[PDB]
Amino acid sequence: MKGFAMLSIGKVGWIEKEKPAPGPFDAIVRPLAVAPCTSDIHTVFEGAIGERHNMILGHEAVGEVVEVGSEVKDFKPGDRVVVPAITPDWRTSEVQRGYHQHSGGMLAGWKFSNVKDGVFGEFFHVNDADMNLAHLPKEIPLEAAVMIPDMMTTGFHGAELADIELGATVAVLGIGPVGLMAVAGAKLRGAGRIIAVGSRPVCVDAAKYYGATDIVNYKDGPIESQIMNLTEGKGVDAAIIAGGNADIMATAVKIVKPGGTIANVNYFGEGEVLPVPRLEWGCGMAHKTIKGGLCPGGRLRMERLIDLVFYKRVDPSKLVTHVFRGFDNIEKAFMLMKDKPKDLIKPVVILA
C-alpha cells in the first residue's frame, strides 16, 4: 500500500506499507476526497507532538467502506461515509464523564496523523465503525462534505463553548478555514453583530458571506484598540480564538466584558505559557470564563452536521479555493498548505 507520510521531523515523503485489517468492530475505508490542514504542518516541521517515523498524515476525508469486521451491523462495503477526524474508543471512564475527545487520555480521541496512520493512503483504518461513521447523502458534493470531518466541527464547537445568547455580539479572532466556520457557527447560535479579525482578502470576503458584520485588520492598529472603539468601550459578549500566537489570549481577555466567555479552538504550537492579563482579568475575579477544547467527533456529531448542510443551513463549499485530481496531488496540496499563498483557504484532492 502506498501513502504520503512523515519520515521524521522536517522530512516528508511517500512510503510503502501493508494494508491494515479490521477487527470485529472496525472498518477499512478508501479515500474518495481528502484535504490537508495546518495541524500536520505544526507536527511535521515544528515537531509540536514529539517525533514520529513513517506515519501517514491527514485526518480529513470522505470515502467508501471497503471491508468491515464481523460485528459491524450498520455499514456494508460500498457505502459512502463521512469520517470524523476524532474517532474515540467509546468504552472508557472519560466517555461516562461526558468527554469522548479525551477517551483514553488527554487528546486521545484524535488518532489520525497522531497515534495512528492518517488518511493520505490508499486505505485507512477506522475503529468502532457503528460508532464513528456516518452515511453521506448523495446530494452533498464531495468537496463540501470533506469540510465536515474537522473544519466545521471545530469552528462550530467554538461557538458552542462561547455560550452565545440571542442577539449577543461575538468577536472571532483569526479567520482561517476554522475561523470562518466559527463565524457561521456564531450566526447559527443567534449572534447579532459578528466582528471578524483577519487580513488576507480571500478570508475577508468569505467572512462577510458567512455572517461577519465588521472586519478588523491587524495593520490599521492594535486589535483591542480597534474593537473597543467599535463597541463604544462596551466590549464584546464572547470571543472565539481561531488563530494567532500565544499573545492572542491576552487580547481576548482584554476585549470581553466582565461575565463574558472566551472560547478557544486554536492549537497553540509554540510558547511555554499562555498569558492571562492580571488587571484585565479583574485580578482573578472579572467572571471572564476561559475555555478551550478539542472538536467533537463520532457518528452522532457527523450526522447532525450533515443535516445542517442537507437542509441548507450552511454551505461549506466556499472554503474550497483549490481542487486537485489524483492521488499524486496529495503532496502538492500539502506543500501548498505549508507556503500559504495569499489566495488559499482550503485545498481539496479528489481521488475518484
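In this text, residue numbers run from 1 along the sequence as written.
As recorded in the PDB entry, 200 to 208 is the stretch of 200 to 208 and 259 to 267 with the greater mean C-alpha temperature factor. Judged by mean Cα B factor in the deposited record, 318 to 326 ranks above the other of 290 to 298 and 318 to 326.
Listed residues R304, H59, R52, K312 were ranked by CA B-factor as deposited; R52 comes out on top. For the set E94, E272, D214, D237, the maximum C-alpha B-factor listed in the entry falls on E272. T169: CA B factor in the lowest third of modelled residues in this chain (values from the PDB entry). Per the deposited record, the Cα B-factor of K138 falls in the highest third when ranked against the other modelled residues of its chain. In the PDB entry, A162 places in the lowest third of its chain by CA B-factor.
For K187, the recorded CA B-factor ranks within the lowest third of the chain. Only modelled residues enter the ranking. In this PDB entry, the Cα temperature factor of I41 sits in the top third of its chain's modelled residues, the highest group.
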